[PDB]
Amino acid sequence: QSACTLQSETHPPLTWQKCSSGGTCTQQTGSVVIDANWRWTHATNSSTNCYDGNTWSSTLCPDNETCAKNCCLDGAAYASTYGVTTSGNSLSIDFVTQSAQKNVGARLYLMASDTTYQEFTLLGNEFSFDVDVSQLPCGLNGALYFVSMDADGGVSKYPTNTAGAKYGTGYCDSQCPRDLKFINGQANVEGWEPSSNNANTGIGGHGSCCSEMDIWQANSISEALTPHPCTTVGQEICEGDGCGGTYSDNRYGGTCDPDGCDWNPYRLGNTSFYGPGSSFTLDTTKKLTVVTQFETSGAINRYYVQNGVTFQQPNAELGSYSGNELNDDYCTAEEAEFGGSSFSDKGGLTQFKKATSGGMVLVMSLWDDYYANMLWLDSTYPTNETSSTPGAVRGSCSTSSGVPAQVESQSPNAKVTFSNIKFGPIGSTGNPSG
Ligand SMILES: OC[C@H]1O[C@@H](O[C@H]2[C@H](O)[C@@H](O)[C@H](O)O[C@@H]2CO)[C@H](O)[C@@H](O)[C@@H]1O
Ligand SMILES: *[C@@H]1O[C@H](CO)[C@@H](O)[C@H](O)[C@H]1NC(C)=O
Ligand SMILES: *[C@@H]1O[C@H](CO)[C@@H](O)[C@H](O)[C@H]1NC(C)=O
Ligand SMILES: [Co+2]
Ligand SMILES: [Co+2]
Ligand SMILES: [Co+2]
């Protein structure tokens, strides 16, 4: 697609700290950009929609290539349309925003310039952030994560995409998502099927795969940390159900691992660690600091800080694994005890280390789940299982929770706030900000 300018595109600024092993941190100035799927897609020389509701224009978009030639992405009114605001080092995303139409949540990328994404090399480094999840009920997910996206959003590889990172193109993740309207400088109209339950969405014939590091999948009830390997490390197109993931009939039939090696302390047995109020180790009614360290072995370490008190990731025992480091012994034990083979099939932490050794883009989002109601995060899943099934119970939410239309109606003022991002060598991010 090209870019159009009927609406101006001004990326909300966002600062973050780059820390050094020598013990000091220096402020960096970036900004955030909304993913292309949220945008108005229209004809290049008129206001006629190329996509509207859950359908493509059959005249502007008779095929993927003609559609991309005929159509452009336009600018976003971040606060008034999308409920996205920033202040200094803080980013807030509202759940439901009513303008001329309804908007639900957002997916945002951290930029390096107005036309390029910031890339982070995670291996050997740690990433710290503060989060307020107090306004996130059952069924919502305020996510902070990394994906192996191109810094230009795909423009150099696919010159029929001239919109680029400035307009939030080029997304990919471990689901190999097929709901994206543009992939590789082509529309996704071929094979398009409208969603049953979401007036704005559908599933196309193509998806967009890449490695994904889920630092933070969370609401006020549950949280998870999850690396996902893919056999191709960076962004790559996939065809139909060969994509696997959420948007295919067969979840596990693709090149990425859509499940990952997940670490959810509640799922692992510590049901007192994270939740609302003073009965939990971490009180989700209050802001908390989350630090994630990527040691060069390929294992992942985690600690938290709240009110000046530090807690390592709680210990878990699973089969012959015991500890609090997410390492290959953990991931192997998890597959043995909970089931599944996707993580190991895709090469495990060794394959995942190829992603963290390269550049990855920072994503912050707020979503509800039109496929599984977020039950995999915060409830019992599948819903016919009980606590007698190892790993079935992931949180205390009812198996009836998280229906998108219901939570949108009941909790429209829900929101997530991410703040005080700090990044640098392991051991460095707790030192004074600059
Ligand atoms: O695609 C939704 C969500 O899935 C997460 O994996 C789940 C999976 O959905 C479920 O079928 C299995 O039983 O459990 C795993 C781990 O909870 C995945 O980790 C997320 O990244 C993804 O957003
Ligand atoms: C949960 O984790 C916290 C922090 O490590 C610990 O203090 C507490 O004893 C744990 N509870 C259980 C049941 O494992
Ligand atoms: C729940 O339903 C699934 C269907 O996929 C089945 O595999 C499983 O055996 C069922 N579990 C129980 C405890 O009935
Ligand atoms: Co194709
Ligand atoms: Co099939
Ligand atoms: Co280690």
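Residues numbered from 1 in each chain as written, not as in the entry; some residues may be left out. Chains lettered and ligands numbered in written order. Heavy atoms only, no water. Residues with missing side-chain atoms left out of burial classes, pairs and counts.

### Considerations on the overall build of the chain
Inclusion rule: Counting from the N terminus, the helices are DSSP H or I runs at least four residues long and the strands are E runs at least two residues long. Throughout, the radius of gyration refers to the C-alpha atoms, and the reference size of a globule is 2.2 Å times the residue count to the power 0.38. For this analysis, residues touch if any pair of their heavy atoms sits within 4.5 Å.
Scanning the chain from N- to C-terminus turns up six helices and 33 strands. The globule rule puts the C-alpha radius of gyration for 434 residues at 22 Å, and the 21 Å found for the chain is close to it. If one aligns the C-alpha atoms of the chain with their principal axes, the spans along those axes are about 60 × 50 × 40 Å. Within the chain, residue pairs in contact and separated by at least 24 positions form 71% of the contacts whose partners lie at least 6 positions apart.

### Considering the coordination of the cobalt ion (ligand 6)
We count it as follows: Sodium, potassium and calcium take a 3.2 Å donor cutoff, other metals 2.8 Å, and in both cases only N, O and S atoms count; water is not among them, so sites may look incomplete. We call a residue buried when its accessible area falls under 20% of the maximum for its residue type, exposed when it is over 50%, and partly exposed in between, using a 1.4 Å probe and counting protein chains only.
Protein-derived ligands of the cobalt ion (ligand 6) are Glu295 (OE), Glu295 (OE) and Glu325 (OE), with the metal-ligand distances lying across 2.1 to 2.2 Å. Note that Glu295 is positioned in the loop between β27 (288–294) and β28 (300–306) and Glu325 in the loop between β31 (321–323) and α2 (328–338), a separation of 30 residues in sequence. Take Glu295: its relative accessible area is 25%, and that puts it in the partly exposed class.

### Brief notes about the sheet that holds strand β4 (residues 41–43)
Applied cut-off: Here, a strand pair is defined by DSSP locating no fewer than two bridges between the strands.
Spatial strand order, β1-β7-β4: three strands in an open sheet with mixed pairing. Only two strands of the sheet have a single neighbouring strand rather than two, namely β1 (2–3) and β4. In terms of strand pairing, β1 meets strand β7 (residues 71–73) through two bridges, oriented parallel. Following the sheet pairing, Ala3 is matched in β7 by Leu73.

### Quick look at the pairing of strand β32 (residues 359–368)
With eight of ten residues buried, β32 is to be regarded as a mostly interior element. Two strands pair when backbone bridges link them, and strand β12 (residues 106–113) and β32 are joined in this way by four bridges, in the antiparallel orientation. Bridge pairing links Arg107 to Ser365 in β32. By the bridge criterion, two bridges tie strand β14 (residues 120–121) to β32 in an arrangement that is antiparallel.

### Side note on the packing of aromatic side chains
Heads up, the rule is: Pairing of aromatic side chains here covers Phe, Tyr and the six-membered ring of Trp, requires ring centres within 6.5 Å, and sorts the geometry by plane angle: under 30 degrees stacked, over 60 edge-to-face, intermediate tilted. The criterion for a charge sitting over a ring is simple: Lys NZ or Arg CZ within 6 Å of the ring centre, and within 35 degrees of the ring normal.
Applying the stated criterion across every chain, the model contains 21 aromatic pairs. Taking 5.8 Å as the distance between ring centres and 85° as the angle between the ring planes, the aromatic pair formed by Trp56 and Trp192 counts as edge-to-face. Linking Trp56 in strand β6 (residues 55–56) with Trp192 in the loop between β18 (186–187) and β19 (193–194), this pair joins segments that are 136 residues apart in sequence. A connected cluster of aromatic rings, assembled from ring pairs, spans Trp16, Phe120, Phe127, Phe129, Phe146, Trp216, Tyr274, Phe418 and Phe423. A cation over an aromatic ring shows up here: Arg107 above the ring of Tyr171, its NZ or CZ 3.9 Å from the ring centre.

### Brief notes about the UniProt feature "disulfide bond" in the chain
Spelled out, the test is: To count as a disulfide, a pair of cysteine sulfur atoms needs to be within 2.5 Å. UniProt positions are given in the numbering used here, feature names are shortened, and annotations may be inferred rather than shown by experiment.
With its sulfur atoms placed 2.0 Å apart, the pair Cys4 and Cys72 listed by UniProt as a disulfide is counted as bonded here, the threshold being 2.5 Å. In this pair, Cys4 is assigned in the loop between β1 and β2 (13–19) and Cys72 in strand β7, connecting sequence segments 68 residues apart. The class for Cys72 is buried, based on a relative accessible area of 0%. The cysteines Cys19 and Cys25 carry a UniProt disulfide annotation, and their SG atoms are 2.1 Å apart, under the 2.5 Å mark, so the bond is there. Just as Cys19 is buried, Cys25 falls in that class too.

### Description of the side chain of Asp74
Counted only if it meets this: Under the counting rule used here, the positive set is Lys and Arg, the negative set is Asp and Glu, and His together with the chain ends is not counted. The term salt bridge refers to a side-chain nitrogen of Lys or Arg lying within 4 Å of a carboxyl oxygen of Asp or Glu. Definition of a polar contact: a pair of N or O atoms within 3.5 Å, with one able to donate and the other able to accept a hydrogen when the atoms are protein atoms, and with sequence-neighbouring residues admitted only if both atoms are side-chain atoms.
Here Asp74 shows up in the loop between β7 and β8 (84–87). No salt bridge is formed by the buried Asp74. Its closest oppositely charged neighbour is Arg39, at 7.1 Å. Within the structure, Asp74 has its side chain in polar contact with the side chain of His42 (distance 2.7 Å).

### Remarks on the nonpolar core
A general tendency of soluble globular proteins is for nonpolar side chains to be buried together. For clarity, the threshold we go by: Nonpolar cores are built from buried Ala, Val, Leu, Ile, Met, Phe, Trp, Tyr and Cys residues. Side-chain atoms within 4.5 Å join them into one set.
In terms of nonpolar packing, the biggest core is built from 79 residues, with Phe129, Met213 and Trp216 touching the most fellow members. If we skip the residues at most four places from it in the chain, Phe129 touches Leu144, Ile215, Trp216, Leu288, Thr289, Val290, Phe418, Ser419, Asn420 and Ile421. Among the nonpolar cores identified, the runner-up in size contains 17 residues, and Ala36, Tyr51, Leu73 and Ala187 belong to it.

### A few points about unusual backbone geometry
Here the amide bond leading from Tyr381 into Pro382 is cis, since omega sits at -10°, within 30 degrees of zero. In this structure, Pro382 sits in the loop between α5 (375–378) and α6 (404–410). Look at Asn307: it is not a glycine, yet its phi comes out positive at around 50°. Turning to its location among the elements, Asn307 is positioned in the loop between β28 and β29 (309–312).

### Side note on the side chain of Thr380
Assignment of secondary structure puts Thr380 in the loop between α5 and α6. Classification of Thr380 as buried rests on a relative accessible area of 13%. Those residues in contact with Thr380, other than ones at most four positions away along the chain, are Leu375, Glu385, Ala392, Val393, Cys397 and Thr399.

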